[PDB]
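Have a look at the structure below before the remarks.
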Number of protein chains: 2
Amino acid sequence: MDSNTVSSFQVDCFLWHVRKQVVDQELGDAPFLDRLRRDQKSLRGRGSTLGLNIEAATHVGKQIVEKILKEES
Amino acid sequence: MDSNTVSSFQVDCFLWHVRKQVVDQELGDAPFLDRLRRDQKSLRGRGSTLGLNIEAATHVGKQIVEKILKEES
């Protein structure tokens, strides 16, 4: 199992979160929400396959972003 | 033209940026990169149609994220 896949997953996880926040802000058009839904189903498939916690994954992503932001605010 | 579409776009823009950073980190599996490419082409279509600067959109997004983070670190 490639690690890059795990990292890419953690990213998609954090992203999905931020997205859900964008929708909760009542700023969803229709395609973004639809994609978020289809993304959730896919996230659940990977979450089950990988059997990795999405909540903890989102946390790791947060740090992954802060690490990339630390290199360039 | 709904504003929610503009906001959703700004978000996708910022997201595309963070994503590009994830790939630049040499953590791309294959599907994430492919999606990034197809996302770029679509981003260019919206960038041309909307005629909005991607760099400017990414900026506004950064604030959109900080605004959502300010509501909950």
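Chain labels follow the order of the structure tokens: the first chain is A, the next B, and so on; residue numbering restarts at 1 in every chain, and ligands are counted from 1 in their shown order.
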
Within 10 Å of residue 25 of chain B, counting only C-alpha atoms, which residues show up once you throw out same-chain ones fewer than 6 positions away? Write them as a list in words, please.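 Answer for this query is residues 4 and 68 of chain A; 19 of chain B.
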
Output N, CA, C and O atoms of each residue in that selection to a file, as a PDB file, in the first residue's frame.
ATOM      1  N   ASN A   4       1.646   7.576  -0.235  1.00  0.00           N
ATOM      2  CA  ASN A   4       1.152   8.749  -0.935  1.00  0.00           C
ATOM      3  C   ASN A   4      -0.376   8.694  -1.000  1.00  0.00           C
ATOM      4  O   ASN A   4      -1.007   9.760  -0.941  1.00  0.00           O
ATOM      5  N   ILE A  68       2.315  23.183   5.184  1.00  0.00           N
ATOM      6  CA  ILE A  68       2.471  23.763   3.861  1.00  0.00           C
ATOM      7  C   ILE A  68       2.348  25.285   3.957  1.00  0.00           C
ATOM      8  O   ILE A  68       2.985  25.980   3.151  1.00  0.00           O
TER       9      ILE A  68
ATOM     10  N   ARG B  19      -4.409  21.770  -2.965  1.00  0.00           N
ATOM     11  CA  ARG B  19      -4.197  20.498  -3.635  1.00  0.00           C
ATOM     12  C   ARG B  19      -2.858  20.532  -4.373  1.00  0.00           C
ATOM     13  O   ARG B  19      -2.037  19.630  -4.148  1.00  0.00           O
TER      14      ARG B  19
END

Using only C-alpha atoms and a distance of at most 6 Å, pull out the residues of chain B that contact chain A, as a PyMOL selection string. chain B and resi 4-5+27-29

In Å, with one decimal, what is the gap from atom CA of residue 63 of chain A to atom CA of residue 55 of chain B?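 Computing it gives 23.4 Å between the two atoms.
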
Just list as number ranges by chain whatever in chain A DSSP marks as helix (DSSP H, G or I). A: 3-24, 31-50, 54-70

Can you tell me which residues surround residue 46 of chain A at a distance of at most 12 Å, considering only C-alpha atoms, apart from same-chain residues fewer than 3 positions away, and format the answer as a list in words?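 Selected residues are residues 5, 6, 8, 9, 10, 12, 13, 39, 40, 41, 42, 43, 49, 50, 51, 52, 53, 54 and 57 of chain A.
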
Moved coordinates, chain A onto chain B, all Cα atoms, as a CSV table (one decimal) with C-alpha atoms, in the first residue's frame:
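Output file part-v7.csv is given in full below:
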chain,number,residue,atom,x,y,z
A,1,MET,CA,-26.0,34.9,-11.6
A,2,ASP,CA,-26.3,33.3,-8.1
A,3,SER,CA,-23.6,34.6,-5.7
A,4,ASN,CA,-23.5,31.1,-4.0
A,5,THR,CA,-21.9,30.0,-7.3
A,6,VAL,CA,-19.2,32.6,-7.0
A,7,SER,CA,-18.5,31.7,-3.3
A,8,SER,CA,-18.4,27.9,-4.2
A,9,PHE,CA,-16.0,28.8,-7.0
A,10,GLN,CA,-13.7,30.8,-4.7
A,11,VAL,CA,-13.7,27.7,-2.4
A,12,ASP,CA,-12.9,25.3,-5.2
A,13,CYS,CA,-10.1,27.8,-6.2
A,14,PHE,CA,-8.5,27.9,-2.7
A,15,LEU,CA,-8.9,24.1,-2.6
A,16,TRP,CA,-7.3,23.5,-6.0
A,17,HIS,CA,-4.3,25.6,-4.6
A,18,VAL,CA,-3.9,23.5,-1.4
A,19,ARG,CA,-4.2,20.4,-3.6
A,20,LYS,CA,-1.4,21.7,-6.0
A,21,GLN,CA,0.6,22.1,-2.8
A,22,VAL,CA,-0.1,18.5,-1.7
A,23,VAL,CA,1.1,17.3,-5.2
A,24,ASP,CA,4.2,19.5,-5.0
A,25,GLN,CA,4.9,17.7,-1.7
A,26,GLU,CA,5.4,14.6,-3.8
A,27,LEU,CA,2.4,12.8,-2.1
A,28,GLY,CA,0.2,12.3,-5.2
A,29,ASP,CA,-1.2,8.8,-5.8
A,30,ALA,CA,-2.7,9.1,-9.3
A,31,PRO,CA,-6.4,9.8,-8.9
A,32,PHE,CA,-5.9,13.0,-6.9
A,33,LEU,CA,-3.5,14.3,-9.6
A,34,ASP,CA,-5.8,13.3,-12.4
A,35,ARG,CA,-8.7,15.0,-10.6
A,36,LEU,CA,-6.5,18.1,-10.1
A,37,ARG,CA,-5.8,18.2,-13.8
A,38,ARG,CA,-9.5,17.8,-14.8
A,39,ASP,CA,-10.2,20.4,-12.1
A,40,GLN,CA,-7.7,22.8,-13.7
A,41,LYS,CA,-9.4,22.6,-17.1
A,42,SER,CA,-12.8,23.1,-15.4
A,43,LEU,CA,-11.3,26.0,-13.3
A,44,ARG,CA,-10.1,27.6,-16.6
A,45,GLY,CA,-13.5,27.2,-18.1
A,46,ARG,CA,-15.1,29.0,-15.1
A,47,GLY,CA,-12.3,31.5,-14.9
A,48,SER,CA,-12.9,32.4,-18.5
A,49,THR,CA,-16.7,32.3,-18.3
A,50,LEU,CA,-16.8,34.2,-15.0
A,51,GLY,CA,-13.7,36.1,-16.2
A,52,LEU,CA,-12.7,36.3,-12.5
A,53,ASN,CA,-9.0,36.2,-11.4
A,54,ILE,CA,-8.1,32.8,-9.9
A,55,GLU,CA,-5.2,34.3,-8.0
A,56,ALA,CA,-7.4,36.9,-6.3
A,57,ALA,CA,-10.2,34.2,-5.9
A,58,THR,CA,-7.7,32.0,-4.0
A,59,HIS,CA,-7.0,34.9,-1.7
A,60,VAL,CA,-10.6,35.5,-1.0
A,61,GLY,CA,-11.0,31.8,-0.2
A,62,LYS,CA,-8.1,32.0,2.2
A,63,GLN,CA,-10.1,34.6,4.2
A,64,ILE,CA,-13.2,32.5,3.8
A,65,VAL,CA,-11.4,29.6,5.5
A,66,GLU,CA,-10.0,31.9,8.2
A,67,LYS,CA,-13.5,33.1,8.8
A,68,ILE,CA,-14.8,29.5,9.2
A,69,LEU,CA,-11.8,28.6,11.3
A,70,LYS,CA,-12.4,31.7,13.5
A,71,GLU,CA,-15.8,30.2,14.3
A,72,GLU,CA,-14.1,27.0,15.3
A,73,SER,CA,-10.3,26.5,15.4
